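The figures here come from the full heavy-atom set of this structure, side chains too, leaving out hydrogens, waters and symmetry mates. First listed ligand is number 1; within each ligand, the first listed atom is number 1. In the text below, chain A, chain B and the rest are named by the order of the sequence lines, each starting its count at 1.
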Amino acid sequence: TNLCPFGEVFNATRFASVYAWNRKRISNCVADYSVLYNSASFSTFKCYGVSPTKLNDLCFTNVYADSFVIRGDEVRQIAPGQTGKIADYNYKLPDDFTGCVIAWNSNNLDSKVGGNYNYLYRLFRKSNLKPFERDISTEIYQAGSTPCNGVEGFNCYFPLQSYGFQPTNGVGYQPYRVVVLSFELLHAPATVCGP
Amino acid sequence: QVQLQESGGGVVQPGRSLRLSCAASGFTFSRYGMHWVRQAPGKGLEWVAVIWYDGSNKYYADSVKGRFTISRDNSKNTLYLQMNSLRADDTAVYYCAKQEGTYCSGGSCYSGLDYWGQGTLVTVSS
Amino acid sequence: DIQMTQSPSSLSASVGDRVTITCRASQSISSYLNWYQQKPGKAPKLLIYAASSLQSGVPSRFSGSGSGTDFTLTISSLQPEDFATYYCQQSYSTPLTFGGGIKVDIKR
Ligand SMILES: *[C@@H]1O[C@H](CO)[C@@H](O)[C@H](O)[C@H]1NC(C)=O
């Protein structure tokens, strides 16, 4: 009778960039979801497929917790069937996604005077990302027809660019911490029930 | 009760062709990428080919490039390998493997192999 | 390609001791490493994926760690059923490559 560790994904001292989002495995636990749903501390709490309203009486094979940080105006992009730089090049969700997305403001921690530039996102790519894909390549992007030869000159760009987070920005330019809980059900253990 | 089962192994004369199938049960086939592995008698493990969840991209090893073709039919829950221009160095046990995680499973649609078949023996001789 | 080197190819240990195995790489593969067991005449089956994550059903004594180009695997309690051949695989880019493998035997 051991409860799930959610203070390791939610109450985490450091979050990851959107292009290199972090993933955690949670299994063999007594996970309680009423604490999260009834905490009155999260701005966005949306569940697709499953109903959050007192469905803590279900069992799943495995739980994936994917966490990262984005800007506010892009929080609506973390959803099935969304377009934009984040959805196409950084983080993609399947059309038939079942699971929950929790987002909360992180201005008091992730915004710094003069700008906090520790979070990065991909601006260019040859094609869009697949669901749950993760690209960490640093090859320079060629917007022209002449080979770039590994140098960022004319039509040669660094595909990764850093956010600028400041405490005085508007809500669309303020940092937001995002956690996605994805549930997998296989034909054996069903080890994640959480009464 | 997740299960994978291979079929098609046997003897074949050099220069001919062969076809191998693996069928799956216990999970949603269309969400996962699949791999082929082989093990020579007395030798170690060697990776052969990979196909993605939706079948867009296909990749093979250099020792079999231009001869082996991988495909998937996930409306019938099956994965296929076609072997052409067989030499005597292709004698091995073949395993069909399912990777852990859905879709790209956290990176470039490649991840660890958590469910394996029992394998089939293919020997090329005369 | 990325060559995955596994050495030594043999090892001897006695029941109750701690066993450590090392796998080497040739380029940067981040944390895309996996460990497999194999007993004679049997399918491999997975022990640790993502270089630090246990698989469901594995006894809570196998532990794996490592990032970059060098990795390790630990047992910490050798049981009579822990005598097999161990393989390491990378899943960063194609062609995905296996290691040579190491065999653990009984000491007398
Ligand atoms: C996180 O920390 C807060 C502050 O102490 C605490 O109330 C909460 O229970 C912790 N866990 C979660 C999942 O929020």
For this session: Identify, by atom number and element, the atoms of ligand 1 in contact range of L36(A), meaning under 4.0 Å from any of its heavy atoms.
Result: 13 (C)
Exercise. Protein heavy atoms: any of them under 4.0 Å from atom 5 (O) of ligand 1?
Worked result: no
Problem set entry | Flag: protein heavy atom within less than 4.0 Å of atom 11 (N) of ligand 1 | yes
For this session: May I ask you to list the atoms of ligand 1 that are less than 4.0 angstrom from any heavy atom of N11(A)?
Result: 1 (C), 2 (O), 3 (C), 8 (C), 10 (C), 11 (N), 12 (C), 14 (O)
Problem set entry | Point-to-point distance, once rounded to the nearest 0.5 Å, from CZ of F98(C) to SG of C23(C) | 11.0 Å
Problem set entry | atom 14 (O) of ligand 1 within contact range, any protein heavy atom under 4.0 Å | yes
Problem set entry | Steps toward side-chain contact (heavy atoms from CB on, under 4.5 Å) verdict (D114(B), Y49(C)) | CA-CA 9 Å; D114(B) 71 331; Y49(C) 70 97; over 6 Å; no
Problem set entry | Spacing of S91(C) atom OG and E100(B) atom CD [to the nearest 0.5 Å] | 9.5 Å
Exercise. Under the 6.0 Å and 45° cation-pi test, does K85(A) pair with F124(A)?
Worked result: yes
For this session: Please determine if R125(A) and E133(A) form a salt bridge, counting it only when a charged side-chain N lies under 4.0 Å from a carboxylate O.
Result: yes
